[PDB]
Amino acid sequence: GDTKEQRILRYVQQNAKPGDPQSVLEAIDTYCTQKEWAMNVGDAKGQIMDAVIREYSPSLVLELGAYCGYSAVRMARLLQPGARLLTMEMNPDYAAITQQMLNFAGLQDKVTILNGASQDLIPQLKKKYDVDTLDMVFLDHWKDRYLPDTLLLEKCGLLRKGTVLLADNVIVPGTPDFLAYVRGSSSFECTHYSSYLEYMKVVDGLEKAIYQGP
Ligand SMILES: O=C(NCCO)c1cc(-c2ccc(F)cc2)cc(O)c1O
Ligand SMILES: [Cl-]
Ligand SMILES: [Cl-]
Ligand SMILES: [Cl-]
Ligand SMILES: [Mg+2]
């Protein structure tokens, strides 16, 4: 039968307005509160994301892990005209949901999906995707990948002074190595934003880690 992700897409298509990102976010959050939990960033942490995006107005954002496109919708709706989001989604079924979610929201021209594993695609960003450096990175993929992929971004020359890392789920499921690393490194200036796990009365949080150079 259908998957939960297909059910979320369908709900959005039937309960949101085409081309209205806000209605799409609302539809997802309604579905996930009333029908079935799902691992979208959600509205609590989403509001914090929004506040960070507005502060920095990034021109080029990289997202690690798309899921159904909630966070990509959340971020892309607030980008300035001409700004871009690249999202890396290794799961092909998730990638297809995400594309369709973005298309329904009318944000397709702002966002590119890269299908494959972050560790494989990050080294291609400069030469294949014509990236210089990133303004912001949203980490929301497998939690054991946050640290290695941060170190890989640095190796590949993709971080500049002031690049904003924003990491989901630093408390649940948790990213203990990543947190220890960035909080102990003089190359990062970190802030913790305490919140709640999407759609649940369980504490979670976002970590912002601003790259300071070598
Ligand atoms: O696995 C995650 N992400 C990568 C695949 O898309 C993920 C997991 C959870 C979560 C799961 C199970 C639980 F019991 C609590 C949290 C939450 C999230 O926000 C997530 O991003
Ligand atoms: Cl999400
Ligand atoms: Cl992932
Ligand atoms: Cl929520
Ligand atoms: Mg998450």
# chains A, B, ... in the order shown; residues from 1 in each chain; ligands from 1
>>> residues_near_ligand(ligand="ligand 5", cutoff="8 Å", atoms="only C-alpha atoms and all ligand atoms", output="tab-separated table (two decimals) with C-alpha atoms, in the first residue's frame")
chain	number	residue	atom	x	y	z
A	39	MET	CA	10.11	13.50	11.06
A	40	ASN	CA	9.59	16.94	9.53
A	41	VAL	CA	11.36	19.76	11.43
A	140	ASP	CA	18.99	17.15	9.05
A	141	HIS	CA	20.25	13.82	7.69
A	168	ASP	CA	18.34	19.75	13.77
A	169	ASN	CA	17.86	17.06	16.39
>>> select_by_dssp(residues="region 98-197 of chain A", states="strand (DSSP E or B)", output="list in words")
residues 111, 112, 113, 114, 115, 136, 137, 138, 139, 164, 165, 166, 167, 188, 189, 190, 191, 192, 193, 194, 195 and 196 of chain A
>>> closest_residue(among="A:79, A:146, A:91, A:64", to="residue 122 (chain A)", atoms="only C-alpha atoms")
A:64
>>> residues_around(residues="residue 116 (chain A)", least_positions_apart="6", cutoff="7 Å", atoms="only C-alpha atoms", output="JSON, numbers by chain")
{"A": [88, 89, 90]}
>>> residues_around(residues="region 45-61 of chain A", least_positions_apart="3", cutoff="8 Å", atoms="only C-alpha atoms", output="list in words")
residues 41, 42, 71, 74, 75, 78, 79, 80, 82, 83, 84, 85, 86, 134, 135, 136, 137, 138, 193, 195, 196, 197, 198, 205 and 206 of chain A
>>> atom_distance(atom1="CA of residue 166 (chain A)", atom2="CA of residue 194 (chain A)")
12.8 Å
>>> closest_residue(among="A:32, A:38, A:190, A:111", to="ligand 1", atoms="only C-alpha atoms and all ligand atoms")
A:38
>>> residues_around(residues="residue 102 (chain A)", least_positions_apart="6", cutoff="12 Å", atoms="only C-alpha atoms", output="number ranges by chain")
A: 9, 12-13, 18-22, 24-25, 66-77, 85, 87, 95-96, 108-113
>>> write_last_selection(atoms="C-alpha atoms", output="PDB file, in the first residue's frame")
ATOM      1  CA  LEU A   9       1.984  14.547  -0.099  1.00  0.00           C
ATOM      2  CA  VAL A  12      -1.002  18.542   1.067  1.00  0.00           C
ATOM      3  CA  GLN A  13      -2.246  18.374  -2.533  1.00  0.00           C
ATOM      4  CA  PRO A  18      -1.041  25.468  -5.012  1.00  0.00           C
ATOM      5  CA  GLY A  19       1.706  27.992  -4.970  1.00  0.00           C
ATOM      6  CA  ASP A  20       1.163  28.951  -1.291  1.00  0.00           C
ATOM      7  CA  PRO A  21       4.141  27.662   0.790  1.00  0.00           C
ATOM      8  CA  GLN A  22       2.552  28.706   4.080  1.00  0.00           C
ATOM      9  CA  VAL A  24       1.705  23.654   2.550  1.00  0.00           C
ATOM     10  CA  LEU A  25       3.541  23.928   5.872  1.00  0.00           C
ATOM     11  CA  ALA A  66      15.182  16.603   2.667  1.00  0.00           C
ATOM     12  CA  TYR A  67      12.647  13.949   3.830  1.00  0.00           C
ATOM     13  CA  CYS A  68       9.358  15.272   2.388  1.00  0.00           C
ATOM     14  CA  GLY A  69      10.526  18.816   1.672  1.00  0.00           C
ATOM     15  CA  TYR A  70       9.144  20.539   4.791  1.00  0.00           C
ATOM     16  CA  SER A  71      12.315  22.286   5.739  1.00  0.00           C
ATOM     17  CA  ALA A  72      13.149  23.070   2.097  1.00  0.00           C
ATOM     18  CA  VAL A  73       9.711  24.732   1.780  1.00  0.00           C
ATOM     19  CA  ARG A  74      10.272  26.514   5.066  1.00  0.00           C
ATOM     20  CA  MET A  75      13.632  27.955   3.984  1.00  0.00           C
ATOM     21  CA  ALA A  76      12.982  28.553   0.295  1.00  0.00           C
ATOM     22  CA  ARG A  77       9.818  30.568   0.975  1.00  0.00           C
ATOM     23  CA  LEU A  85      18.753  26.060  -1.972  1.00  0.00           C
ATOM     24  CA  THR A  87      19.110  19.754  -0.797  1.00  0.00           C
ATOM     25  CA  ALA A  95      13.579  12.694  -3.109  1.00  0.00           C
ATOM     26  CA  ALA A  96      10.528  12.184  -5.330  1.00  0.00           C
ATOM     27  CA  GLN A 108      10.801  24.573  -7.717  1.00  0.00           C
ATOM     28  CA  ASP A 109      12.820  27.344  -9.329  1.00  0.00           C
ATOM     29  CA  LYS A 110      14.569  28.075  -5.984  1.00  0.00           C
ATOM     30  CA  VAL A 111      15.503  24.550  -4.973  1.00  0.00           C
ATOM     31  CA  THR A 112      17.539  21.765  -6.553  1.00  0.00           C
ATOM     32  CA  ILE A 113      17.506  18.167  -5.313  1.00  0.00           C
TER      33      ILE A 113
END
>>> closest_residue(among="A:6, A:34, A:23, A:175", to="residue 100 (chain A)", atoms="only C-alpha atoms")
A:6
>>> atom_distance(atom1="CA of residue 167 (chain A)", atom2="CA of residue 107 (chain A)")
22.5 Å
>>> closest_residue(among="A:43, A:17, A:182, A:177", to="residue 103 (chain A)", atoms="only C-alpha atoms")
A:17
>>> select_by_dssp(residues="region 73-105 of chain A", states="helix (DSSP H, G or I)", output="list in words")
residues 73, 74, 75, 76, 92, 93, 94, 95, 96, 97, 98, 99, 100, 101, 102, 103, 104 and 105 of chain A
>>> closest_residue(among="A:186, A:14, A:98, A:30", to="ligand 2", atoms="only C-alpha atoms and all ligand atoms")
A:98
>>> closest_residue(among="A:150, A:172, A:27, A:155", to="residue 200 (chain A)", atoms="only C-alpha atoms")
A:172
>>> atom_distance(atom1="CA of residue 163 (chain A)", atom2="CA of residue 210 (chain A)")
5.7 Å
